Amino acid sequence: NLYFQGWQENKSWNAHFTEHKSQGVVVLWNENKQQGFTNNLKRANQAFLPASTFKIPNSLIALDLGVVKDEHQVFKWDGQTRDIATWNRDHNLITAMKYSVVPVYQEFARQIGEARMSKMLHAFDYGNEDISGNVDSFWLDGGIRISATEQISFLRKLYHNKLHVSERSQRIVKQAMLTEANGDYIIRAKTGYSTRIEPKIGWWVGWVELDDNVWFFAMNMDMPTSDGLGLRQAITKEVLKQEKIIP
Ligand SMILES: *C(=O)[C@@H](NC(=O)/C(=N\OC)c1csc(N)n1)[C@@H]1N=C(C(=O)O)C(=C)CS1
Ligand SMILES: [Cl-]
Ligand SMILES: [Cl-]
């Protein structure tokens, strides 16, 4: 039996969205205290397309099924020149995550297939578990939906190696999620940018590792133009600095 204190709403974080002329939600979860915090409980439970944050469960499935042998396997560029320059090269799992190389993961989903992708997302309890649409694009313009609170629930299982895949797969994905590390904290996260279906939003989901605690975070915000993509991390870090989680 699970016991859960409700999400505590801290509307003071809205000032961080307001200062940057933005609208969105930040959700934090204190792992030690088992307490959750958000600036907008309604938007915290609102489900959106995961977009590139789906690279986290997609990596886990591709690794557990042998589609990706390890983080060193090179996926050669198919020769198609695309709009984002860093996509037009060879990649491994580490660089495909860092630069958010969609075509690499579309090939992953095709090899996984509809049957295994559906069964794996159900085992993950991931969002609405709906892969309706193209097998290689559902997370970009299909039926899958996930909320910021559901993202944190999925990430907590990943951190504790509790997802129903091999521990090795989860360790490799958590290594590929490495974003920032210094003497004060470690950040393992994944960005996201949904544009094929309104509303256009940006994601940032992950956790902050401290010496004594882990703070899980999941944010999304309105993103009418790609000019404010950096606000996904800037606003999240402003909330973390206000809560004295990072210096
Ligand atoms: C994943 O989120 C992915 N985003 C996209 O492919 C885009 N739309 O998907 C619905 C996209 C890229 S540019 C545009 N106008 N729409 C990669 N995500 C990120 C990210 O930082 O989140 C990127 C910037 C590279 S594209
Ligand atoms: Cl993707
Ligand atoms: Cl690491």
# chains A, B, ... in the order shown; residues from 1 in each chain; ligands from 1
>>> select_by_dssp(residues="stretch 164-229 of chain A", states="strand (DSSP E or B)", output="VMD selection string")
chain A and resid 178 to 181 186 to 194 201 to 209 214 to 222
>>> write_last_selection(atoms="N, CA, C and O atoms", output="short mmCIF file (atom, residue, chain, number, x, y, z; two decimals), in the first residue's frame")
data_model
loop_
_atom_site.label_atom_id
_atom_site.label_comp_id
_atom_site.auth_asym_id
_atom_site.auth_seq_id
_atom_site.Cartn_x
_atom_site.Cartn_y
_atom_site.Cartn_z
N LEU A 178 23.25 12.06 -18.43
CA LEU A 178 24.15 13.01 -17.77
C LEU A 178 24.19 14.33 -18.53
O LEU A 178 24.53 14.36 -19.72
N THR A 179 23.85 15.41 -17.84
CA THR A 179 23.78 16.74 -18.44
C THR A 179 24.78 17.71 -17.83
O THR A 179 25.45 18.44 -18.56
N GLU A 180 24.90 17.73 -16.50
CA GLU A 180 25.80 18.66 -15.83
C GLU A 180 26.25 18.03 -14.51
O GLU A 180 25.46 17.36 -13.84
N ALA A 181 27.51 18.25 -14.16
CA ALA A 181 28.05 17.73 -12.91
C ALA A 181 29.19 18.62 -12.45
O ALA A 181 30.05 19.02 -13.25
N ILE A 186 24.82 16.81 -9.40
CA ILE A 186 24.78 16.12 -10.69
C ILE A 186 23.37 16.25 -11.23
O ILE A 186 22.39 16.04 -10.50
N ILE A 187 23.25 16.58 -12.52
CA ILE A 187 21.96 16.69 -13.18
C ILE A 187 21.91 15.65 -14.29
O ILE A 187 22.75 15.65 -15.20
N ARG A 188 20.93 14.75 -14.21
CA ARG A 188 20.63 13.79 -15.27
C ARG A 188 19.23 14.12 -15.78
O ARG A 188 18.25 13.95 -15.05
N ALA A 189 19.14 14.60 -17.01
CA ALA A 189 17.88 15.11 -17.52
C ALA A 189 17.81 14.91 -19.03
O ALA A 189 18.78 14.52 -19.68
N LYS A 190 16.63 15.20 -19.58
CA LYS A 190 16.40 15.15 -21.02
C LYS A 190 15.45 16.27 -21.41
O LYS A 190 14.41 16.45 -20.77
N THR A 191 15.82 17.02 -22.45
CA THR A 191 14.99 18.10 -22.95
C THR A 191 13.96 17.56 -23.95
O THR A 191 14.04 16.43 -24.42
N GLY A 192 12.98 18.41 -24.27
CA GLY A 192 11.95 18.05 -25.22
C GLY A 192 11.33 19.28 -25.83
O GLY A 192 11.26 20.34 -25.20
N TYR A 193 10.87 19.14 -27.07
CA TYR A 193 10.30 20.26 -27.82
C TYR A 193 9.21 19.71 -28.73
O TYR A 193 9.51 19.06 -29.73
N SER A 194 7.95 19.96 -28.37
CA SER A 194 6.80 19.47 -29.12
C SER A 194 6.26 20.59 -30.00
O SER A 194 5.83 21.63 -29.48
N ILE A 201 5.13 23.23 -26.82
CA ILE A 201 5.69 23.29 -25.48
C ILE A 201 7.13 22.77 -25.51
O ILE A 201 7.53 22.03 -26.41
N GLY A 202 7.89 23.17 -24.49
CA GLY A 202 9.21 22.63 -24.25
C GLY A 202 9.23 21.88 -22.93
O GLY A 202 8.54 22.26 -21.98
N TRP A 203 10.01 20.81 -22.87
CA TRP A 203 10.12 19.96 -21.70
C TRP A 203 11.51 20.06 -21.08
O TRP A 203 12.48 20.43 -21.75
N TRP A 204 11.59 19.73 -19.80
CA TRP A 204 12.86 19.38 -19.16
C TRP A 204 12.53 18.52 -17.95
O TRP A 204 11.94 19.00 -16.98
N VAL A 205 12.90 17.24 -18.01
CA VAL A 205 12.60 16.27 -16.96
C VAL A 205 13.89 15.59 -16.55
O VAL A 205 14.78 15.36 -17.38
N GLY A 206 14.00 15.27 -15.27
CA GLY A 206 15.20 14.62 -14.76
C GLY A 206 15.25 14.72 -13.24
O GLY A 206 14.22 14.82 -12.58
N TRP A 207 16.48 14.69 -12.71
CA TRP A 207 16.67 14.80 -11.28
C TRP A 207 18.03 15.42 -10.98
O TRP A 207 18.95 15.36 -11.80
N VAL A 208 18.13 16.01 -9.80
CA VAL A 208 19.36 16.63 -9.30
C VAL A 208 19.89 15.76 -8.18
O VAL A 208 19.21 15.56 -7.16
N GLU A 209 21.10 15.24 -8.35
CA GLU A 209 21.72 14.38 -7.35
C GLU A 209 22.59 15.22 -6.42
O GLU A 209 23.49 15.93 -6.88
N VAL A 214 18.06 13.37 -3.41
CA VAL A 214 17.80 13.47 -4.84
C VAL A 214 16.52 14.27 -5.03
O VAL A 214 15.50 13.96 -4.42
N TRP A 215 16.59 15.29 -5.88
CA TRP A 215 15.44 16.13 -6.21
C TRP A 215 15.04 15.84 -7.65
O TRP A 215 15.77 16.18 -8.58
N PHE A 216 13.89 15.20 -7.82
CA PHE A 216 13.35 14.96 -9.16
C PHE A 216 12.61 16.20 -9.64
O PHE A 216 11.92 16.87 -8.86
N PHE A 217 12.74 16.50 -10.93
CA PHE A 217 12.07 17.66 -11.50
C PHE A 217 11.46 17.30 -12.85
O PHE A 217 11.98 16.45 -13.58
N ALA A 218 10.36 17.97 -13.16
CA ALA A 218 9.71 17.85 -14.46
C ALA A 218 9.01 19.17 -14.75
O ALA A 218 8.16 19.60 -13.96
N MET A 219 9.38 19.81 -15.85
CA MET A 219 8.81 21.10 -16.21
C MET A 219 8.39 21.09 -17.67
O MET A 219 8.96 20.37 -18.50
N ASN A 220 7.38 21.89 -17.98
CA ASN A 220 7.04 22.22 -19.35
C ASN A 220 6.52 23.65 -19.38
O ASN A 220 6.05 24.18 -18.37
N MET A 221 6.63 24.28 -20.55
CA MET A 221 6.26 25.68 -20.70
C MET A 221 5.83 25.93 -22.14
O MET A 221 6.26 25.23 -23.06
N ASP A 222 4.99 26.95 -22.31
CA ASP A 222 4.58 27.35 -23.65
C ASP A 222 5.79 27.83 -24.45
O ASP A 222 6.61 28.60 -23.95
#
>>> residues_near_ligand(ligand="ligand 1", cutoff="10 Å", atoms="only C-alpha atoms and all ligand atoms", output="ChimeraX atom specification")
/A:49-55,83-84,86-87,97-103,137,139-141,190-198,200-204,223-226,229-230,232
>>> write_last_selection(atoms="C-alpha atoms", output="PDB file, in the first residue's frame")
ATOM      1  CA  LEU A  49       3.117  14.840 -26.085  1.00  0.00           C
ATOM      2  CA  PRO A  50       6.467  13.761 -24.568  1.00  0.00           C
ATOM      3  CA  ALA A  51       8.405  14.693 -27.758  1.00  0.00           C
ATOM      4  CA  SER A  52      12.154  14.132 -27.157  1.00  0.00           C
ATOM      5  CA  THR A  53      11.689  13.151 -23.501  1.00  0.00           C
ATOM      6  CA  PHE A  54      10.423   9.867 -24.965  1.00  0.00           C
ATOM      7  CA  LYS A  55      14.093   9.184 -25.747  1.00  0.00           C
ATOM      8  CA  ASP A  83      17.667  20.996 -40.719  1.00  0.00           C
ATOM      9  CA  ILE A  84      19.671  20.538 -37.493  1.00  0.00           C
ATOM     10  CA  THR A  86      24.381  17.953 -35.471  1.00  0.00           C
ATOM     11  CA  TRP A  87      21.980  15.302 -36.819  1.00  0.00           C
ATOM     12  CA  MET A  97      20.746  11.813 -26.510  1.00  0.00           C
ATOM     13  CA  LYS A  98      22.865  14.949 -26.071  1.00  0.00           C
ATOM     14  CA  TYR A  99      21.941  16.364 -29.491  1.00  0.00           C
ATOM     15  CA  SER A 100      18.412  14.861 -29.512  1.00  0.00           C
ATOM     16  CA  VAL A 101      18.871  13.086 -32.852  1.00  0.00           C
ATOM     17  CA  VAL A 102      15.294  12.098 -33.727  1.00  0.00           C
ATOM     18  CA  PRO A 103      16.018   9.945 -36.840  1.00  0.00           C
ATOM     19  CA  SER A 137       6.577   9.071 -34.770  1.00  0.00           C
ATOM     20  CA  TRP A 139       5.659  10.465 -29.487  1.00  0.00           C
ATOM     21  CA  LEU A 140       5.916  13.409 -31.918  1.00  0.00           C
ATOM     22  CA  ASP A 141       2.404  13.529 -33.412  1.00  0.00           C
ATOM     23  CA  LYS A 190      16.401  15.147 -21.022  1.00  0.00           C
ATOM     24  CA  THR A 191      14.989  18.098 -22.955  1.00  0.00           C
ATOM     25  CA  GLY A 192      11.949  18.047 -25.217  1.00  0.00           C
ATOM     26  CA  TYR A 193      10.300  20.258 -27.818  1.00  0.00           C
ATOM     27  CA  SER A 194       6.804  19.470 -29.120  1.00  0.00           C
ATOM     28  CA  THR A 195       5.821  21.389 -32.267  1.00  0.00           C
ATOM     29  CA  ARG A 196       3.886  19.046 -34.583  1.00  0.00           C
ATOM     30  CA  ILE A 197       0.666  19.450 -32.551  1.00  0.00           C
ATOM     31  CA  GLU A 198      -0.611  22.456 -30.630  1.00  0.00           C
ATOM     32  CA  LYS A 200       3.845  24.011 -28.729  1.00  0.00           C
ATOM     33  CA  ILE A 201       5.695  23.290 -25.479  1.00  0.00           C
ATOM     34  CA  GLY A 202       9.214  22.631 -24.249  1.00  0.00           C
ATOM     35  CA  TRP A 203      10.119  19.960 -21.698  1.00  0.00           C
ATOM     36  CA  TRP A 204      12.858  19.381 -19.156  1.00  0.00           C
ATOM     37  CA  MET A 223       7.049  27.655 -26.541  1.00  0.00           C
ATOM     38  CA  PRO A 224       5.601  29.554 -29.519  1.00  0.00           C
ATOM     39  CA  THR A 225       9.104  30.055 -30.959  1.00  0.00           C
ATOM     40  CA  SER A 226      12.436  28.283 -30.576  1.00  0.00           C
ATOM     41  CA  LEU A 229      14.380  27.070 -25.585  1.00  0.00           C
ATOM     42  CA  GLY A 230      17.074  28.037 -23.075  1.00  0.00           C
ATOM     43  CA  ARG A 232      13.521  25.502 -19.956  1.00  0.00           C
TER      44      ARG A 232
END
>>> closest_residue(among="A:7, A:124, A:108, A:154", to="ligand 2", atoms="only C-alpha atoms and all ligand atoms")
A:108
>>> residues_near_ligand(ligand="ligand 3", cutoff="8 Å", atoms="only C-alpha atoms and all ligand atoms", output="MDAnalysis selection string")
chainID A and resid 174:176 178
>>> atom_distance(atom1="atom CA of residue A:71", atom2="atom CA of residue A:93")
4.9 Å
>>> closest_residue(among="A:111, A:173, A:120, A:58", to="ligand 2", atoms="only C-alpha atoms and all ligand atoms")
A:58
>>> atom_distance(atom1="atom CA of residue A:107", atom2="atom CA of residue A:62")
10.0 Å
>>> closest_residue(among="A:88, A:242, A:182, A:59", to="ligand 2", atoms="only C-alpha atoms and all ligand atoms")
A:59
>>> residues_around(residues="residue A:45", least_positions_apart="2", cutoff="10 Å", atoms="only C-alpha atoms", output="MDAnalysis selection string")
chainID A and resid 25 27 40:43 47:48 146:151
>>> write_last_selection(atoms="C-alpha atoms", output="PDB file, in the first residue's frame")
ATOM      1  CA  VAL A  25       4.831  24.532 -14.657  1.00  0.00           C
ATOM      2  CA  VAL A  27       7.265  20.108 -10.463  1.00  0.00           C
ATOM      3  CA  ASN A  40       0.453  24.996 -10.874  1.00  0.00           C
ATOM      4  CA  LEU A  41      -1.173  21.757  -9.712  1.00  0.00           C
ATOM      5  CA  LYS A  42      -3.549  21.842 -12.691  1.00  0.00           C
ATOM      6  CA  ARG A  43      -0.828  22.092 -15.340  1.00  0.00           C
ATOM      7  CA  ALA A  47      -0.702  15.546 -20.185  1.00  0.00           C
ATOM      8  CA  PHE A  48       1.204  16.557 -23.325  1.00  0.00           C
ATOM      9  CA  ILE A 146       2.208  12.215 -20.270  1.00  0.00           C
ATOM     10  CA  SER A 147       1.936  14.768 -17.474  1.00  0.00           C
ATOM     11  CA  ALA A 148       4.729  16.381 -15.478  1.00  0.00           C
ATOM     12  CA  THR A 149       3.694  14.348 -12.429  1.00  0.00           C
ATOM     13  CA  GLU A 150       3.649  11.144 -14.489  1.00  0.00           C
ATOM     14  CA  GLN A 151       7.146  11.981 -15.749  1.00  0.00           C
TER      15      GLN A 151
END
>>> select_by_dssp(residues="stretch 3-73 of chain A", states="helix (DSSP H, G or I)", output="list in words")
residues 11, 12, 13, 14, 15, 16, 17, 18, 19, 41, 42, 43, 44, 51, 52, 53, 54, 55, 56, 57, 58, 59, 60, 61, 62, 63 and 64 of chain A
>>> write_last_selection(atoms="C-alpha atoms", output="PDB file, in the first residue's frame")
ATOM      1  CA  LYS A  11       2.687  29.927  -6.482  1.00  0.00           C
ATOM      2  CA  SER A  12       5.757  32.040  -5.652  1.00  0.00           C
ATOM      3  CA  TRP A  13       7.583  30.207  -8.458  1.00  0.00           C
ATOM      4  CA  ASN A  14       5.236  31.872 -10.968  1.00  0.00           C
ATOM      5  CA  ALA A  15       7.415  34.982 -10.633  1.00  0.00           C
ATOM      6  CA  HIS A  16      10.169  33.061 -12.430  1.00  0.00           C
ATOM      7  CA  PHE A  17       7.840  32.419 -15.372  1.00  0.00           C
ATOM      8  CA  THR A  18       6.537  35.997 -15.265  1.00  0.00           C
ATOM      9  CA  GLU A  19       9.974  37.642 -15.272  1.00  0.00           C
ATOM     10  CA  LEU A  41      -1.173  21.757  -9.712  1.00  0.00           C
ATOM     11  CA  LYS A  42      -3.549  21.842 -12.691  1.00  0.00           C
ATOM     12  CA  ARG A  43      -0.828  22.092 -15.340  1.00  0.00           C
ATOM     13  CA  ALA A  44       1.321  19.672 -13.325  1.00  0.00           C
ATOM     14  CA  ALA A  51       8.405  14.693 -27.758  1.00  0.00           C
ATOM     15  CA  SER A  52      12.154  14.132 -27.157  1.00  0.00           C
ATOM     16  CA  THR A  53      11.689  13.151 -23.501  1.00  0.00           C
ATOM     17  CA  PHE A  54      10.423   9.867 -24.965  1.00  0.00           C
ATOM     18  CA  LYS A  55      14.093   9.184 -25.747  1.00  0.00           C
ATOM     19  CA  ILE A  56      14.389   7.993 -22.126  1.00  0.00           C
ATOM     20  CA  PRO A  57      11.905   5.068 -22.352  1.00  0.00           C
ATOM     21  CA  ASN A  58      12.823   4.493 -26.007  1.00  0.00           C
ATOM     22  CA  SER A  59      16.485   4.039 -25.054  1.00  0.00           C
ATOM     23  CA  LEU A  60      15.567   1.612 -22.262  1.00  0.00           C
ATOM     24  CA  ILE A  61      13.510  -0.569 -24.608  1.00  0.00           C
ATOM     25  CA  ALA A  62      16.085  -0.543 -27.416  1.00  0.00           C
ATOM     26  CA  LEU A  63      18.807  -1.568 -24.958  1.00  0.00           C
ATOM     27  CA  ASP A  64      16.767  -4.286 -23.230  1.00  0.00           C
TER      28      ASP A  64
END
>>> closest_residue(among="A:162, A:170, A:104, A:237", to="ligand 2", atoms="only C-alpha atoms and all ligand atoms")
A:104
>>> closest_residue(among="A:109, A:121, A:172, A:115", to="ligand 2", atoms="only C-alpha atoms and all ligand atoms")
A:109
>>> residues_around(residues="residue A:246", least_positions_apart="3", cutoff="8 Å", atoms="only C-alpha atoms", output="number ranges by chain")
A: 184-185, 237, 240-241, 243
>>> residues_around(residues="residue A:129", least_positions_apart="5", cutoff="8 Å", atoms="only C-alpha atoms", output="JSON list (two decimals) with N, CA and C atoms, in the first residue's frame")
[["chain", "number", "residue", "atom", "x", "y", "z"],
["A", 118, "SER", "N", 4.23, -1.24, -27.35],
["A", 118, "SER", "CA", 3.01, -1.13, -26.56],
["A", 118, "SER", "C", 3.13, -1.91, -25.25],
["A", 121, "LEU", "N", 5.64, -0.02, -22.78],
["A", 121, "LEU", "CA", 5.11, 1.18, -22.17],
["A", 121, "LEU", "C", 4.06, 0.85, -21.11],
["A", 122, "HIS", "N", 3.29, -0.22, -21.31],
["A", 122, "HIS", "CA", 2.35, -0.66, -20.29],
["A", 122, "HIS", "C", 3.08, -1.13, -19.04],
["A", 144, "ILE", "N", 0.26, 9.37, -27.68],
["A", 144, "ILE", "CA", 0.85, 9.23, -26.36],
["A", 144, "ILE", "C", 0.83, 10.58, -25.65],
["A", 145, "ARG", "N", 0.42, 10.57, -24.38],
["A", 145, "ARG", "CA", 0.35, 11.76, -23.56],
["A", 145, "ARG", "C", 0.91, 11.44, -22.18]]
>>> closest_residue(among="A:89, A:138, A:94, A:65", to="ligand 2", atoms="only C-alpha atoms and all ligand atoms")
A:138
